[PDB]
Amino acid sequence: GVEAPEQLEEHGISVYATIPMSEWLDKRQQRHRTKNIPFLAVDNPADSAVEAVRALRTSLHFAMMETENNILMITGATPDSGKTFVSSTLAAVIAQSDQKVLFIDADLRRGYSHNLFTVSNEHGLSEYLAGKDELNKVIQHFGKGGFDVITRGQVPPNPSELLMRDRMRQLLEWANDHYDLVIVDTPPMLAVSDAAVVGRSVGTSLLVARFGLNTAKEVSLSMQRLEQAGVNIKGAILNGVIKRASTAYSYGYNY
């Protein structure tokens, strides 16, 4: 188990941000509206988890200085890292700054951001890459967050083959000229190569490891493998960080 920012620095891994977990988020005469609860970034802006994401923004602001490419790929070591939380909150935070952001859910097998943004999943990433849908037909707007999104679409029979099609390249090149920041949420590296095939058309790449769940080893093993591939892995993010119990104990099995 990780649990400590410096517990990564020692491995040489640079941590762009440490994000604590929100407890309020676990608690979770006509007029007509839409969408459902809950989106932390807009609901509780003062939240401690959100304030940290802003610090994540300030970090990328520098980091992402003169790289020409404005596509930032977010991925995790393994499943349940809270990477979708980090990425979606980052999108909201950056957009809120008067910035044009495009969020794409590249987890063609298990992306669920359509549920989080309470948006349709009929036309998404898979339909486009397969050639069924034109680009403008798969880009929708997440009202509550104030940014544009592309859901995963209907789970395809050939996830990986689709990610390698030329259309993924056309999309990122196109997207890079129309948005100030393009966030790509991808499957964990320790689960599929997908992040390596897409991480190769991106300027930045941040791996998100969860406090306690991830062993500082795999976060290096993940970055290492993305390095074998042309992927330009910058640092890492420590998500989950939960503290103050006045004792001495945690969790993390040893392999």
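Residue indices: 1-based, along the sequence shown.
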{"item": "Interresidue gap class [residue 28, residue 29; deposited sequence, unmodelled]", "value": "10 or more"}
{"item": "Stretch exceeding the other in mean C-alpha B-factor - 219-227, 188-196", "value": "219-227"}
{"item": "Residue stretch of maximal mean CA temperature factor, 179-187 vs 154-162", "value": "154-162"}
{"item": "From 205, 36, 58, 70, residue of greatest CA B-factor", "value": "36"}
